[PDB]
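Residue numbers begin at 1 in each chain, while the letters A, B, ... track the order of the sequences. In what follows, every heavy atom counts, from backbone to side chain, and hydrogens, waters and symmetry copies are set aside.
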Amino acid sequence: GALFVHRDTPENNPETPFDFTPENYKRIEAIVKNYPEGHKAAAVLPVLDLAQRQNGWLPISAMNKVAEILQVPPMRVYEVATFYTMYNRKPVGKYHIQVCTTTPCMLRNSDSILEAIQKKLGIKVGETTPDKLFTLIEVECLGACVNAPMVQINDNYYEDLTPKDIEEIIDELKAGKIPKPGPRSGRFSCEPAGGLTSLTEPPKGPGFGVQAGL
Amino acid sequence: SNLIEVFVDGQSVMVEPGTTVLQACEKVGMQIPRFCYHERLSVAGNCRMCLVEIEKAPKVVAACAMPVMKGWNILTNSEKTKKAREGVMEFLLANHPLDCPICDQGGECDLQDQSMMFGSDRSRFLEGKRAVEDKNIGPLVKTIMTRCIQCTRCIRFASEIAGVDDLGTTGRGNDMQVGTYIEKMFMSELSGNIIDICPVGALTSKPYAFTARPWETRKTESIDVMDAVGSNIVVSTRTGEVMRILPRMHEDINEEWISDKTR
Amino acid sequence: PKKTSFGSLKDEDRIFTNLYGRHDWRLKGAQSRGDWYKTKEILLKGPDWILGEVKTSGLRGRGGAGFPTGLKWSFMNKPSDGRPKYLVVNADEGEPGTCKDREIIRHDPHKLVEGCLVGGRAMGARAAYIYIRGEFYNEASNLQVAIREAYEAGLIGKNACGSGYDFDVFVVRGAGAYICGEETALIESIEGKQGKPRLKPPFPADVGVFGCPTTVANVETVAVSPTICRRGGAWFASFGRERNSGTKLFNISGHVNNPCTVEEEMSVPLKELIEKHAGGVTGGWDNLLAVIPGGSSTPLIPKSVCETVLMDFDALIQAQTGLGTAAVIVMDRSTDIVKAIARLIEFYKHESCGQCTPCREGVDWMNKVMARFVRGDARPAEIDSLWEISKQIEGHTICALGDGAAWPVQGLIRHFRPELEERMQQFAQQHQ
Amino acid sequence: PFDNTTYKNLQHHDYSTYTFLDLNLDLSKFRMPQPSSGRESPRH
Ligand SMILES: Cc1cc2nc3c(=O)[nH]c(=O)nc-3n(C[C@H](O)[C@H](O)[C@H](O)COP(=O)(O)O)c2cc1C
Ligand code: SF4
Ligand code: SF4
Ligand code: SF4
Ligand code: FES
Ligand code: FES
Ligand SMILES: [K+]
C-alpha cells in the first residue's frame, strides 16, 4: 500500500494462490518473443501488468510467479512492482477512479470534481467503498490537459467534467453499465470548443506537394 | 604509446584510455570525495559527491564515471568544484538523523569526515526530517536505515561480489528505501562485508554494537586462521581485550574482504 | 523573401491532417490523406538521402530538449558491429500540460508507423520499440490495430513496402512514471528495470537498449519525417525563423476560453496563438497573469513578456524560459500563482526517481519550502535561500528532471518575488 | 461524402481488458526472428 515493505498477512503471503490461466500463458509467450534472446527480463513490466489484469491486483505470490516464469531474481520484480504507480499491491475496487490534480487540471477546477466524487461515494481520497466497487485516488497529469478537468476509471478517460457529469458516470457504474469515454462537454476530442479553427478544408490526397525525383 | 595526456590542476599526467577523471586525480595523489563509488564495485554515479569542474566546460562532471579526454584540465579545487561539494553535502545531511553520539560509525564515518573537509559548517534546513523503518536481515548486520544515504553500495556488493540478489531499492524519490522488501535474512558467507562498504551507520556489526569508539582502539595487523586462504586482517584491541576483526587489503589474497567466520 | 511575421498556417501545409479525429484513422483513411505514399522510393533513396532531408529541414527534437534531429539521427549512420540497432519512439508523454502526442497516436497512428520505418531505415535499425505511457491504454490499442494493418499490407515486417528492408514495430507500455520519458530511463524501463536514467557517456547511439546502438526520438519528431521526405526538407525549412523551422503542435490549457490542441507555424507570436485558436484568455487579455510556455519544466513568464514573445526555441530562451514541448498553460489574475507553482514542485517530488542526491533530497526540500511559502509561513531571507537550493540541484543531477524542478521555482522567484514577500507579511501580521 | 462533422474514432469504446495483449499475440506471426546475445541471460 502506502508502505514499500511487505509483511505477510492471511490474504497476501507466498502461499496465496495465484497462477496464470492457460490463455494468459499464451499471451506471455508472445510478450516474451518481442525481445532479443538472452534478455527475457525485458518482459517483467508487461507480464507483471498481465498478472494484475487477470487478478485485479498483485499479491506477493503473483510477483514470485512472474519472477519464476522469467527466471529473474524475485527482488528485481519487487523493485519494479514498487517503482511504478500503476501496479496495485493492495486490492482495489472494481472501478479505480483516478482524478488528476496537477496544475493544468487544478486551474480548471479539478477540486470540484474531487469534492463531487467524495460526496456521492461517501469516501475520502485513498479509500475503498464498503461495497468494494470504487477506489478513489489522486494522480498526476494523465496526458489530457486540454480536456481538463478529467478522470481515469480503469482504462477509460472521462474528460471535460463537471460535478454533474462525474455523478452521472458513477451512477451508470453503480447500475452495472460502463459509460462512454471522452469529453462530456460537447466536443469529441481536442478540437477547440465552438468550431474548428483549423483543418476545416478537405485534406489533400496522395502525392500532394511531393518533391521532384521520387 | 596509447596513453593520453591530461592535466590535474595543470600538472600533466599520462593515463591509459578509459581512465576516469577520478582515477586520473589518484595518480597525482589527489583523492576526490565520494560516497557511491567503490573501486571494487560497478560504477553507480548517483551520490554526486565526486562532481568536479573541467576547465572550459560549463557543467561539472561525475569524476567517478566520466572517462577523461585528451587535453582536459581537471580543477579539483576551483570554486565551482567546492560549491558543488558543499551543495551535495548539504542535501545528504538534510534528512540525515542527529545520531552521531549513539551511532557506532561516529569517529570513523565518511559522512562525518567529508562533511568536515568538504561541507559547510552550519545548516539552513528548517523542515522536519524523513524517518524510515528498520529492516531485519539477520543476526550479524544491524540496520538503522534512517541513516542510509542511498549510495547503493550494499546492493552492488550483494549482487556482484556475493552473487546474492536479495537487496534492492523499493519506492521512488525521497521515500526510496534500500532493503529486501519481504522479511528476509541476508545470510551469505560474505555478508559481513556490507558493514565495511556502507559509508554510514546504516549497516553496523550487531556483535560489536556500542562497545568501542574507533579512536580508542589499537590496530594489530595479523592473519586469519579460520581457513587456509590466509586472509589479512586488523585485530582491534582496547585495554587488553579484542574488540573486532576487520579486513586488511591484500590484492593477491582477500582483496579487502573477509568471510563471516573470520569477521 | 525572408518572411518576418509567422503564423496563419494554411491547412494544405499541415502535417497532422487528422489531428481532431474527424476522418478515418485506419489504413484506408490514412492512405487517402497521403500516408504510405511512395514509401518504397524513400527507402530505396538510402539512409544518407533521408538524413540529408532531415538535416536540411532544420527539424529539432519535439520531445522538450530540441536538439537538431538530423545531426542526432546521424550518430547511427555508421557500419554495424555484431550488435543489432534499434529505434525507440518516446510516447511516454508525461510533462504536465502536454497532450499533443496522445492525439498523434490515436488519430494519425499510420503517420507514426511510417515514421518508424523511414526513420529506422535512416539509422539502419532492424526494429522500432514504441514506448507508450501505461495510462494511454485505448491509444495504445489504436496504435496496435494500425500496426497490424501495416503488417497485413506488407508495409512493415519482412521486405517492408517491397523495398527488401526488414523492419518490426513493437509497442511496449509503461506502468506509471513521468521519469520514463527521459531517454535513458525509458531504455532502462524497456529492459525491465526501474526507470532510472543512466549517466552519459556512453551515449545511446553507442550503448542503448539491450546494450545496443539506439536512438530515442519523440513521437512528433518521428511522425513528421515521412512528410519531410515526401515534400522535401526545403519545404519544411520555409516555416518559422531560421534554426526554428517547421510546424509545431501546441496545447493550450488553463484559463483560456477554448483549451485545445492545434498545429501552427513555428515562431508564431504567443499572444496570437492564444487569441486565434484558444479563444483568448478568460476575462480578456488584460486578465492574464502569467504563462508557462512549454510545459511544467519551463519557467513561467509574466504578462509583460507574453505581449511580444514568439513561440520558438531561440525566442523563448531570450525570455529566460524555453519552448519545451510547446504546452502553453495560461493563468489569469484570479490564480494563486504561488499555489500553482507549488503544485508543480509537488509533481516533481512525486516523479523524482530518487536515484541521485540533489533531486532525491533537493526536490523534496524545495517542496517543503514551497508549501510554507503558499501559507506565508516563512521569512523573506528564505527566498534567496530557496534560490540557492535550486541552483545546487540544477546542473548537478544525473538527468534533466532535476533541472526541470529547479526552473519553475526560479521563474516564480524571478517574476513574482513581491507576491511571496507580500504573503509572508500577511502571515506574520495575522499571527504575530 | 466529405463529412467533417462526426467523430470517427469510436472503436475504442468496445476495447476490453485483453485487447492490447490479444493484438500483440496476433502480431506474433508477422515478426522477424529476434537477435540473440549468445546466452540465456546475463546470469548465464
Ligand atoms: C523527466 C523527463 C521527462 C521526459 N519526457 C519526455 C516525453 O514524455 N516525451 C519525449 O519525447 N521526451 C521526453 N523527455 C526528453 C527525452 O529525454 C529526449 O530528450 C527526447 O525523447 C529526445 O527525442 P527528440 O530529440 O525527438 O525530442 C523527457 C525528459 C525528462 C528529463
Ligand atoms: S552515519 Fe555518520 S553522520 Fe550519520 S549519525 Fe552516524 S556518525 Fe553521524
Ligand atoms: S545501507 Fe549503506 S551501503 Fe546500502 S545504500 Fe544505504 S548508505 Fe549505501
Ligand atoms: S535528477 Fe531526479 S529523476 Fe533524474 S536521475 Fe536524479 S533522482 Fe532520478
Ligand atoms: S494536468 Fe491533468 S491531465 Fe494533464
Ligand atoms: S562517487 Fe561519483 S557520483 Fe558518487
Ligand atoms: K557502516
Side-chain angles (χ1 to χ4, degrees), chain A residues 73 75, chain B residues 34-44 46-47 64 103-114 134-145 147-169 177-180 184-212 214 217 219-237 242-263, chain D residues 43:
Chain A
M75 187 55 191
Chain B
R34 76 290 299 278
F35 286 103
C36 76
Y37 175 76
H38 194 290
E39 66 183 317
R40 299 179 198 278
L41 302 177
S42 65
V43 179
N46 63 64
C47 84
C64 68
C103 168
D104 277 332
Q105 204 71 24
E108 59 186 1
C109 177
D110 270 350
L111 190 55
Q112 279 188 332
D113 284 353
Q114 287 181 96
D134 295 340
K135 285 87 180 166
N136 189 336
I137 59 172
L140 295 178
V141 184
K142 189 207 296 190
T143 76
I144 308 290
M145 300 313 288
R147 306 169 184 164
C148 174
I149 58 170
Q150 293 86 37
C151 79
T152 77
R153 277 187 186 185
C154 57
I155 290 154
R156 286 174 280 133
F157 178 90
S159 182
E160 293 154 24
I161 304 300
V164 187
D165 285 306
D166 287 352
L167 287 181
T169 42
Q177 279 166 76
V178 175
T180 61
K184 192 185 212 311
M185 293 186 319
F186 176 51
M187 301 309 285
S188 149
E189 71 294 349
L190 299 179
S191 70
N193 294 285
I194 67 173
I195 295 163
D196 288 359
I197 55 102
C198 178
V200 289
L203 308 179
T204 58
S205 162
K206 204 172 287 188
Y208 186 65
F210 308 160
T211 56
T217 60
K219 287 67 135 182
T220 299
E221 303 188 6
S222 191
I223 304 293
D224 178 55
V225 302
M226 291 292 97
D227 60 71
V229 167
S231 300
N232 289 26
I233 56 173
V234 173
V235 181
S236 293
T237 71
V242 176
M243 307 304 293
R244 62 171 179 188
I245 305 293
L246 289 170
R248 177 161 62 98
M249 186 198 65
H250 194 320
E251 290 279 0
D252 293 342
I253 304 180
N254 56 295
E255 298 197 30
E256 68 180 87
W257 321 124
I258 61 186
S259 71
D260 283 357
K261 190 192 293 114
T262 300
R263 183 179 294 272
Chain D
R43 292 192 296 150

Interatomic spacing from CD1 in B:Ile155 to CG in B:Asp166 - rounded to 0.5 Å: 11.5 Å
Distance-minimising heavy-atom pair for B:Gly179 and A:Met75: O-CE, 3.3 Å
Trace of the side chain to side chain contact (heavy atoms under 4.5 Å, CB included) decision for B:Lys219 with B:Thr237: CA-CA 7 Å; B:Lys219 287 67 135 182; B:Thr237 71; over 6 Å; no
Backbone of B:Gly138 reached by a side-chain donor or acceptor of B:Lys206 within 3.5 Å: yes
Closest non-hydrogen atom pair, B:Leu41 against B:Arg156: CB-NH1, 3.8 Å
Donor-acceptor contact present, side-chain B:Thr143 to main-chain B:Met145, <3.5 Å: no
Least distance between heavy atoms, B:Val43 atom then B:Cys64 atom: CG1-O, 3.9 Å
With sequence neighbours excluded, residues passing side-chain hydrogen bond (donor to acceptor under 3.5 Å, both in side chains) with B:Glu256: B:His38, B:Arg40
Minimum heavy-atom distance B:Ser191-B:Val141, with the two atoms named: O-CG2, 4.3 Å
Expected output: side-chain B:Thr217 to main-chain B:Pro214 donor-acceptor under 3.5 Å: yes
Residue of the set B:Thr152, B:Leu111, B:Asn46 for which side chain to side chain contact (heavy atoms under 4.5 Å, CB included) holds with B:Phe35: B:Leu111
Qualifying residues under side-chain hydrogen bond (donor to acceptor under 3.5 Å, both in side chains), relative to B:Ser205, sequence neighbours excluded: none
Spacing of CG belonging to B:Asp224 relative to CD1 belonging to B:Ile245, to within rounding of 0.5 Å: 8.0 Å
Reported OG-to-CD1 distance for the pair B:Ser231 and B:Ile223, which is rounded to 0.5 angstrom: 8.5 Å
side-chain contact (heavy atoms from CB on, under 4.5 Å) involving B:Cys151 - partner list, sequence neighbours excluded: B:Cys36, B:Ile149, B:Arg153, B:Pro199
All pairs passing side-chain hydrogen bond (donor to acceptor under 3.5 Å, both in side chains) where residues 105-114 of chain B contributes a residue, at least two apart: B:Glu108-B:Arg244
Nearest-0.5 Å distance that lies between atom CD1 in B:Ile258 and atom CD1 in B:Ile233: 7.0 Å
B:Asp260 to B:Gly192 - nearest heavy-atom pair and separation: OD1-N, 2.7 Å
Which atom of B:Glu255 lies closest to which atom of B:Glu251, heavy atoms considered: CG-O, 4.0 Å
Heavy-atom side-chain proximity of B:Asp196 to B:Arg263 below 4.5 angstrom: yes
Interatomic distance, B:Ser188 atom OG to B:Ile161 atom CD1 [nearest 0.5 angstrom]: 11.0 Å
Steps toward side chain to side chain contact (heavy atoms under 4.5 Å, CB included) verdict (B:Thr220, B:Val234): CA-CA 5 Å; B:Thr220 299; B:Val234 173; over 6 Å; no
Test side chain to side chain contact (heavy atoms under 4.5 Å, CB included) applied to B:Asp227 and B:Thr262, step by step: CA-CA 8 Å; B:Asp227 60 71; B:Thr262 300; 4.3 Å; yes
Heavy-atom side-chain contact between B:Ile197 and B:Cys154 under 4.5 Å: yes
Point-to-point distance, once rounded to the nearest 0.5 Å, from CD1 of B:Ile253 to CG of B:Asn232: 5.0 Å
From CA spacing to verdict: side chain to side chain contact (heavy atoms under 4.5 Å, CB included), B:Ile194, B:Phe186: CA-CA 10 Å; B:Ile194 67 173; B:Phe186 176 51; 3.7 Å; yes
Those residues that, when tested against B:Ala209, pass side-chain contact (heavy atoms from CB on, under 4.5 Å) (two or more places apart): B:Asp104, B:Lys142
Crowding at CE, B:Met185 (>12 non-hydrogen neighbours, <6.0 Å): no
Contacts of B:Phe157 that satisfy ring-ring contact (aromatic ring centres under 6.0 Å, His included) - sequence neighbours left out: B:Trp257
Side-chain touch B:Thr211/B:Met243, heavy atoms, less than 4.5 angstrom: yes
Exercise: do B:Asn254 and B:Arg248 side chains pair donor with acceptor under 3.5 Å: no
